[PDB]
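2 protein chains.
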Amino acid sequence: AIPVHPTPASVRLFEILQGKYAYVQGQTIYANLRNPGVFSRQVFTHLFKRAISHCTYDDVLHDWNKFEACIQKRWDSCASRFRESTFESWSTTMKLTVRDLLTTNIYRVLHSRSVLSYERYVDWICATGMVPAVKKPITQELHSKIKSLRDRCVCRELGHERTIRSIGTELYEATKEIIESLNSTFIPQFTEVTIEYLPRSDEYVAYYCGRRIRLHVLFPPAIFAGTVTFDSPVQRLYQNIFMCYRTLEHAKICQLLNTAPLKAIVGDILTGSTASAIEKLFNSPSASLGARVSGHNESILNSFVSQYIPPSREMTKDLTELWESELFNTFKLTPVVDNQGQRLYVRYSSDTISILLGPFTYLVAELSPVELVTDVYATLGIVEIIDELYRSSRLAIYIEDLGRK
Amino acid sequence: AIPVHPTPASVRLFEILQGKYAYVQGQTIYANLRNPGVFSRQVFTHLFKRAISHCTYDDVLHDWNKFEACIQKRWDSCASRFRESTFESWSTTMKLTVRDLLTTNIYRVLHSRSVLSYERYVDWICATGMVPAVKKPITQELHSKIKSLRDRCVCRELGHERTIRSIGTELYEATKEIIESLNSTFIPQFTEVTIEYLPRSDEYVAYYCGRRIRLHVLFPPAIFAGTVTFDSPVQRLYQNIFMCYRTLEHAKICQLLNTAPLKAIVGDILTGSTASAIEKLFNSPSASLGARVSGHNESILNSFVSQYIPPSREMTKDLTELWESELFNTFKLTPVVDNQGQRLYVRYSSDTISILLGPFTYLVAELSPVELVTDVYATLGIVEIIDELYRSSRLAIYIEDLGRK
C-alpha cells in the first residue's frame with residue numbers, strides 16, 4: 018500500500034494540468050493536444066465507414082434502371101449522351117442526397133452528452149501514465165434522447181431511393197451500439213477520486229465512492245523507498261517548472277523589496439489626479455527603508471548597496487521552448503508553418519494518434535470495431551473528409567463501375 | 018452546497034473577460050472569436066439547404082417547357101443555339117430570382133431580435149467550461165415581425181415562376197420553426213445569476229429568480245478542499261495575468277514614488439503658459455522628499471539611492487503572445503496572413519467550430535436539424551456562399567441536369 022494520487026508531490030504534479038502555480042507560453046500547446054474533437058472524428062468517420070461498407074451493389078443498379086424509367090417518360097441517337105449526362109448528374113445528386121442526411125443524423129448522434137471525454141483522458145495519461153478505467157453502468161440516456169423516427173422523418177421525398185432506406189436503418193442501429201459503448205465507459209476527474217499502488221505483489225487499485233475499479237498501466241512509475249516519481253511528460257519537466265516558479269516569485273520578492281528609492285541603516435491608486443496621487447503615497451511608509459542591526463551594542467563598520475534583478479523573463483523564455491520541445495517529441499506534433507511562420511498550425515501526426523487515441527479507444531474504451539485514421543482524415547474539413555471517404559468508398563467505386571455504363 | 022459563481026476569485030475571473038483589471042494586446046484576439054454572426058452563418062446556410070432540398074425536379078422541367086412556350090410567340097435551324105442561349109439566360113436569371121428573393125426574406129428573418137446570443141455564449145464556456153440554459157417561453161414576436169407577403173410582393177410579377185411559388189412557401193414556414201427554436205432558449209448575463217456546486221452527490225445547480233434551472237457541463241472544474249479551479253482557457257492564464265497586473269501597478273507605484281529629483285532624509435496642468443507652469447508646481451510639495459526615521463534617538467550611519475523600474479512593458483509584451491498562443495491553441499485559430507503579415511485575418515478553423523459552435527448549436531441550444539459549415543463556407547462572402555451553394559445545390563444541379571438539354 019502506497020499512495021499515488023493524494024500525495025503532496027503528486028497533487029503538485031496534478032496541478033500543472035491547470036495553471037495554478039506556474040505557466041508559460043509553451044504550456045499553451047498542452048491544451049491543443051488536450052482538445053477533443055479528434056475523438057469525435059474517430060467515431061464519426063468510423064460510422065461513415067460502417068454505413069458505407071454494408072451496402073449491396075444490386076440495389077443501386079436497379080435504382081439506376083428505375084431512374085432511367087423516370088426520365089424516359091420525361092424525355096434517340098442524342099439519348100446516348102443524354103443518358104451519360106443524366107447518370108453523371110445522378111451520381112452527383114446521389115452523393116449529395118446521401119451526404120446531407122448523413123451530415124444531419126451523424127452530427128445529431130455525435131454531439132449527444134458523452135460522459136466519456138478525450139479531454140479527461142489525455143490529461144490523466146500525461147500526468148501519471150495511469151488512467152482510471154471506470155465502467156459506469158448507467159446507459160439510459162441514449163434511448164431517451166433518440167428513440168426512433170429521427171432517421172425516418174427527413175427521408176420522405178418523391179424519389180423512393182431504396183439505397184437510403186437500406187442504409188439509414190443500419191447506420192441508425194449501428195450508432196445505438198457505439199454510443200452505448202462510449203457512454204457505458206467513464207473517465208473521472210482527479211480532485212475527488214484517488215489511485216492506489218501496493219508494492220507488495222505489485223498491482224494497482226482504483227477508488228471512486230469506495231470500490232476498486234478497472235485500470236490500465238501504460239507508463240509504470242519509478243517507486244523508490246523514499247518517493248514515487250512517474251514516467252510522464254510533465255514530470256520530465258517538473259522541478260524545472262518549479263524552479264522557474266521559484267525564481268519568478270523570487271524576482272517579484274526582490275522587485276517589491278527594493279522599491280524604496282533610498283536605503284538607510286539604523287544604529434484607485436492606478437488612476438487619479440497625479441498631484442494628489444503624489445500625496446497619497448509620499449506620506450506612506452513604502453518610501454522609507456531603514457535597515458536594522460539586532461544588537462544595539464553591535465556596531466556597523468561598513469555598509470554596501472546592490473539592487474539586483476534576477477533574470478526572470480529569461481528563465482521563462484527558455485522554459486517555453488523547453489515545453490515546446492517535449493510536447494513536439496513525446497507526443498508527435500508537427501507544426502505546419504509558412505515561410506518564417508511562427509507555429510501557426512499545430513496538428514496531430516501519424517504516430518501520435520497511435521500513441522494517444524490508439525491506447526484510448528482500445529484500452530479504456532471498449533470500442534472494438536473502430537479504427538485509427540490517416541493524417542488527412544484529421545487534417546481536412548470534417549465534411550470535406552466525407553466526400554474524400556466517398557472518393558475511396560465501395561459505393562462510389564460501384565458507381566464508377568457504372569461510370570462506364 | 019459550495020458557491021461557484023459569486024466567489025471573489027471566480028468573479029475576478031469573470032471580470033477579466035471584460036477589460037477591467039489587466040489587458041494586453043493578446044486579449045484583443047479574444048473579442049475576435051467573441052464575434053457573433055458566425056452563428057448566423059449556421060442558421061443561414063442551414064435554411065438555404067432546407068430551402069433548396071425540398072425542391073422537385075418535375076416542377077422546373079415543365080417550367081422550362083412553359084418558358085420555351087413563352088419565347089416561341091416572341092421568337096428554326098438557328099433556334100437550336102437560340103434555345104441553348106436562352107436556356108443559359110434562364111439559368112442565370114434563375115440564380116438571380118432565387119438570390120434576390122432569398123436575400124430579402126432571409127436577411128429579414130435573420131437580423132430579428134434574437135434573445136439568444138453567441139456573444140453571450142462564448143464567454144461562458146471560456147470562463148468556466150459551464151453554460152446555464154434558460155428556456156424563456158415568450159415566443160410571440162415572430163408572427164408580429166413577419167406575417168406574410170414579404171416573400172410575395174417581391175415576386176408578384178408577370179412571369180408566375182411556380183418554382184418560387186413552390187419553394188418560397190416551404191422555406192417561409194421552415195424559418196418559423198427555426199427562429200422559434202432559438203428564441204425559446206436564453207443564455208444569460210453573469211452579474212445577476214449564479215452557478216453553484218453541491219460536493220456531496222455531485223451535480224451543478226444554476227439559478228435565475230430562485231429556480232434550479234437547466235445547464236450543461238463541458239469542462240469539469242478541479243474542486244479541492246480549499247478552493248475550486250475551473251479547467252478553462254482564461255484560468256489557465258489566471259495568476260500570470262494577475263502577476264502582470266501586480267507588476268504594472270507596482271511599476272506605477274515606484275514611478276509615482278520616485279518623481280522627486282532629489283532625495284533627502286531627516287535627522434489645466436497639461437497645457438498652459440510654461441513660465442507659470444513652472445510656478446504652479448515648484449512651490450507644490452510634490453518636488454521635495456525628505457525620508458524619515460521613526461526614533462529620534464535612532465540614528466543613520468549610511469544612506470543610499472537607487473532608482474529602479476521593473477521591466478513593465480517587457481512583462482506586458484510576452485503576455486501578449488501568451489494570450490496569442492493560448493487562443494491559437496485551445497481554440498483552433500489559423501491566422502490567414504500575408505508575407506510577414508502581422509496576423510491580419512484571424513478566422514475560425516475546421517475543428518474550432520466543432521469545439522465551439524458544435525456544442526453550442528446542438529447541446530445548449532436544441533437546434534436539431536441544423537448543420538455545421540466548412541472552412542470556405544465561413545470564409546467567403548455571405549452572398550458569395552449563396553452562389554457557391556448553388557455550385558452544388560439540388561435545383562441548380564437539376565438546371566445542370568438540363569445543362570445538357
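Just so you know, the protein sequences line up as chains G and C, in that order. Under the entry's author numbering, read the first sequence as residues 18 to 92, 96 to 287, 434 to 571, first letter to last. Under the entry's author numbering, read the second sequence as residues 18 to 92, 96 to 287, 434 to 571, first letter to last. We put the CB at the ideal spot given by N, CA and C, even for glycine.
Residue 154 of chain C versus residue 30 of chain C - alpha carbon distance: The straight-line gap from Cα to Cα measures roughly 22 Å.
Residue 278 of chain G at chain C interface by Cβ criterion, 8 Å: Cβ-Cβ to chain C under 8 Å: yes for residue 278 of chain G.
C-beta contact flag for residue 224 of chain C and residue 215 of chain C at 8 Å: yes
6 Å CB neighbourhood of residue 167 of chain G in its chain, flanking five on each side removed: none
Under 8 Å by beta carbon: chain G residues contacting residue 560 of chain C: 113, 116 and 117
Cα-Cα separation between residue 208 of chain C and residue 132 of chain C, rounded to whole angstroms: 18 Å
Nearest candidate by alpha-carbon position, reference residue 523 of chain C, set C:100, C:139 and C:163: C:139
Beta-carbon spacing of residue 533 of chain C, residue 202 of chain C below 8 Å: yes
With 16 other Cβ atoms within 10 Å as the buried cut-off, status of residue 150 of chain C: buried
Neighbour-count burial assignment, residue 90 of chain G, 16 or more Cβ in a 10 Å radius: exposed
Every unbroken alpha helix (DSSP H) within the segment 510-564 of chain G, with a cutoff of 4 residues, ordered by chain: 516-521, 541-545 and 552-557
Cβ-based neighbour list, residue 74 of chain G, same chain, cut-off 7 Å, excluding 5 preceding and 5 following: 564
Under 7 Å by beta carbon: chain C residues contacting residue 131 of chain G: 524, 525, 528 and 529
Neighbourhood of residue 206 of chain G by C-beta distance below 8 Å, restricted to the same chain and skipping five residues each side: The answer, listed in chain order, is 135, 136, 154, 155 and 156.
Simplified DSSP assignment, three categories, for residue 123 of chain G: helix
Residues of the segment 33-49 of chain G with Cβ closer than 7 Å to any Cβ of chain C, in chain order: 35, 36, 37, 40, 42, 45, 46, 48 and 49
Bounding residues of the alpha helix (DSSP H) (the contiguous stretch that carries residue 82 of chain C): 74-89
Residue 47 of chain G versus residue 116 of chain C: straight-line alpha-carbon distance, rounded: 49 Å
Identity of the residue in C:257, C:77 and C:274 nearest residue 282 of chain G by Cα: C:274
Euclidean distance between Cα positions of residue 20 of chain G and residue 217 of chain G: One C-alpha to the other measures close to 6 Å.
Alpha-carbon to alpha-carbon, residue 526 of chain G and residue 520 of chain G: 9 Å
Alpha-carbon spacing of residue 498 of chain G relative to residue 80 of chain C, whole angstroms: 58 Å
Burial state of residue 22 of chain G (16 or more Cβ within 10 Å): buried
Same chain, Cβ closer than 6 Å to residue 439 of chain G, five either side skipped, listed in chain order: Nothing listed; no residue qualifies.
Residue 77 of chain C versus residue 35 of chain C: straight-line alpha-carbon distance, rounded: 53 Å
Short CB-CB distance (under 8 Å) between residue 480 of chain C and chain G: yes
Residue 285 of chain G at chain C interface by Cβ criterion, 8 Å: yes
Chain C contacts from the segment 536-553 of chain G (Cβ-Cβ distance under 9 Å): 544, 545, 546, 547, 548, 549 and 550
Cβ-based burial, residue 557 of chain C [other Cβ within 10 Å; buried from 16]: exposed
Three or more C-beta pairs below 8 Å linking the segment 473-481 of chain G and the segment 258-278 of chain G: yes
For residue 552 of chain C, the nearest candidate out of C:185, C:496 and C:66 (CA to CA): C:66
Under 7 Å from the C-beta of residue 211 of chain G: neighbouring residues of chain C: 242, 243 and 244
Minimum Cβ-Cβ distance from residue 103 of chain G to chain C less than 8 Å: No, residue 103 of chain G lies away from the interface with chain C (no Cβ there is under 8 Å from its Cβ).
Within 7 Å of chain G by C-beta, residues of the segment 67-85 of chain C in sequence order: 70, 73 and 78
Nearest neighbour of residue 256 of chain C, chosen from C:246, C:241 and C:245 [CA to CA]: Out of C:246, C:241 and C:245, C:241 has the C-alpha closest to the C-alpha of residue 256 of chain C.
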